[PDB]
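Single chain ahead, written as structure tokens, the form deposited in one PDB entry.
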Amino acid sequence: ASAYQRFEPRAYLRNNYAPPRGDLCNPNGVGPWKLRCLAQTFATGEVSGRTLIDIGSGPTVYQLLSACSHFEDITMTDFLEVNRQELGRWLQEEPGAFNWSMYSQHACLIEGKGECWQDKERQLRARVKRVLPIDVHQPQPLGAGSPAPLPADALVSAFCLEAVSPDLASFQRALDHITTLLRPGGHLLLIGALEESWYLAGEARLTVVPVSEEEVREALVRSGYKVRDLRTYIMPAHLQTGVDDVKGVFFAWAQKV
């Protein structure tokens, strides 16, 4: 809750998106695995529409790289002001912006359409119309008169819910709250930590509800999704860096019935 007030965006980026976890060179790493699930899913051509919302974007954009070419209106969100400010720095190509080029490249590599990474980042920056505050704990997570087109044709959320939820029940409700933002028939792409109880982000020490793959699936069904795809990545020893206690990472593709 109020722990997210000490959350340092740079430290978080450093902990999860710089080497070793941010080394995209080894295909056996989490970075490549994540981009692969994303890329492969959109490549099916079944996740399509005009609008899309990213839930709890944090200070990261990799989660929209393969997505941006399928939706012309993209909304990014986060609870923290600092995180929206960081997102802004990368969108406006301002100074100090985080460098996502390695990920843009690997997305281009993986997608295999011969695209250059500059055209990818350009497309993303173009299709992201707005960066809105959000709280998944509210029944109306974006608010009343949100500038965001609703309902969205699709949703993306990586490492948010389990990391803002004290327990399974909160998690399930938060899932419910965001699910209302999704048009029926829509698609949800959910990535998150498995069996993780805490992670660091500078002076901030966050509490996490350790969830399992079955608990994630059950939660998706209960929230009213058909689970099209749900995969697990087991965190290798050398990627256990002492910035957290994550055991694995899950990826879910779910369709709203």
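Between two forms, the rigid core is the largest collection of C-alphas that superpose within 1.5 Å. Residue indices: 1-based, along the sequence shown.
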### Message
Which is higher on mean Cα B factor in this entry, 140 to 148 or 95 to 103?
### Response
140 to 148
### Message
Comparing average C-alpha B factors as deposited, tell me which of 31 to 39 and 201 to 209 sits higher.
### Response
201 to 209
### Message
If I read the C-alpha B-factors straight from the PDB entry, which of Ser66, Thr232, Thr60, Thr51 is highest?
### Response
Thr51
### Message
Based on the deposited C-alpha B factors for this chain, I'd like to know if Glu214 is in the lowest, middle or highest third.
### Response
middle
### Message
Is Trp253 in the lowest, middle or highest third of its chain when residues are ranked by C-alpha B-factor?
### Response
middle
### Message
Where does the C-alpha B-factor of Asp135 rank in its chain, lowest, middle or highest third?
### Response
middle
### Task
Would you mind checking where the Cα B-factor of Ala126 ranks among the modelled residues of its chain, as the lowest, middle or highest third?
middle
### Message
When the deposited Cα B-factors of this chain's modelled residues are ordered and cut into thirds, is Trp90 in the lowest, the middle or the highest one?
### Response
middle
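Unshown form deposited in another entry; subsequent notes refer to it.
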### Message
I want to make sure I read this right: if the two forms are fitted on their rigid core, which of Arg50, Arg205, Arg222, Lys226 has a C-alpha displacement of 2 angstroms or more between this form and the one not shown?
### Response
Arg205
### Task
Superpose on the rigid core, then tell me if the C-alpha of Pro236 is displaced by 2 angstroms or more between this form and the one not shown.
no
#### Entry: Yes/no, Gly22 Cα shift of 2 Å or more between this form and the one not shown with rigid core fixed
no
